[PDB]
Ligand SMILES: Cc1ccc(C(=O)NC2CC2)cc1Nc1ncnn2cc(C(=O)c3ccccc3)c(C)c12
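Before any questions on how it binds or moves, here is one chain, the form deposited without the named molecule, in structure tokens.
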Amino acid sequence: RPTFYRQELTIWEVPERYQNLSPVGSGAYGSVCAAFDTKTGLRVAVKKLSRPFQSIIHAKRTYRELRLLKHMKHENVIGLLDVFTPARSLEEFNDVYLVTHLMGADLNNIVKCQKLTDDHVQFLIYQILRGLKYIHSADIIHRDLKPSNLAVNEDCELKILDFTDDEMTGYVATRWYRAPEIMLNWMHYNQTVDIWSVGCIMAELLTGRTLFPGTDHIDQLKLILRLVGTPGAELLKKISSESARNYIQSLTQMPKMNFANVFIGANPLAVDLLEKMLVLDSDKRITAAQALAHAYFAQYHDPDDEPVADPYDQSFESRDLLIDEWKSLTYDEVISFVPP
């Protein structure tokens, strides 16, 4: 067990390897301090979770995040550098702290400061798909990819990060990258959801503009359908909601637009990739693995440096358990943490 010192920044009790903690973040998830890991020389983010086992749901959520973060071992995905609790036994256990690389800036911040170049776009999207091949191989779905969840360092190296209905109403970035099928609950979703988000992110990097700045769900749908065309019959069959099907049916049929006239002057290989990603029917979208083989990434594509993940068992998602059982599974995961 390391030695822990306590200081009030909230009271943080952290191992003394973590020095010079400086408060930088907070919010109902947890407070975040920036710190210097003397032992790895890394600059780190230390998150003290807010109320982790306050409710079956919160306990299960705590558990899920820890389980996810401990799984991820890939250049382009955030991983867990460390997790700890000052508690010396399950009975004492209450606080969870998660330690990750202090991140430089997210993709939005990059963009605010810079005009990107097709080479930058090439490289940045490559990395996302590389990360996602890994993520998807473990059958994990990020379901919330957005420029704010992508951390880009000074060398254009990127990590996928992070992983309520009012918060998705209106003119909001929380919804603009969402695949239609989940934005309107057309059908059960799967990983193809993320490739849609990548299409939206890529286009925006190529144009400097939100691809679908919907003012609300229905406006956004209209924007999507104008670009990709309204649903044909095959996909209609797959939307299980009769009302949704009905509503789509009320909209005047429109054909796919010409993407070369929408993304004027973009590299045709980018244009071609966008069309493969932005397909309304999820079943027909390109997968991250396949996209990585797309000519647009010839300068970066290495099939022997694009690894897949170890299995992620998420059977717990189907499990109903009491707070204290979730809590105990979390304590277990805390204490088995093997450092990187």
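Just so we're on the same page, rigid core means the largest C-alpha set that superposes within 1.5 Å between forms. Residue positions are given as counts along the sequence shown, with the first one as 1.
The same protein also exists as the form deposited with the named molecule bound; that form is not shown, yet it is the one meant from here on.
Steric access to the site is blocked in the shown form: after superposition of the site C-alphas, the named molecule as positioned in the bound PDB entry has three or more atoms within 2.4 Å of backbone or C-beta atoms. By the 4.5 Å heavy atom rule, the three marked residues 206, 269 and 273 all fail to count as contacting the named molecule in the bound PDB entry.
Residue in contact with the named molecule in the bound PDB entry (any heavy atom within 4.5 Å), chosen from 293, 42, 309, 68: 68. 32 is the sole member of 32, 288, 278, 59 with a non-hydrogen atom lying within 4.5 angstroms of the named molecule in the bound PDB entry. Residue 256 falls outside the set of residues with a heavy atom inside 4.5 Å of the named molecule in the bound PDB entry. None of the heavy atoms of residue 213 is located within 4.5 Å of the named molecule in the bound PDB entry. When the named molecule is considered in the bound PDB entry, residue 86 lies well away from it, no heavy atom lying within 4.5 Å.
Although the partner is absent here, residue 90 is not a contact residue: none of its heavy atoms lies within 4.5 angstroms of the named molecule in the bound PDB entry. Residues 98, 100, 101, 102, 103, 104, 105, 106 are the members of 81-108 with a non-hydrogen atom no more than 4.5 angstroms from the named molecule in the bound PDB entry. Taking the core as reference between the shown form and the other one, the lone member of 99, 266, 239, 151 whose Cα moves by 2 Å or more is 239.
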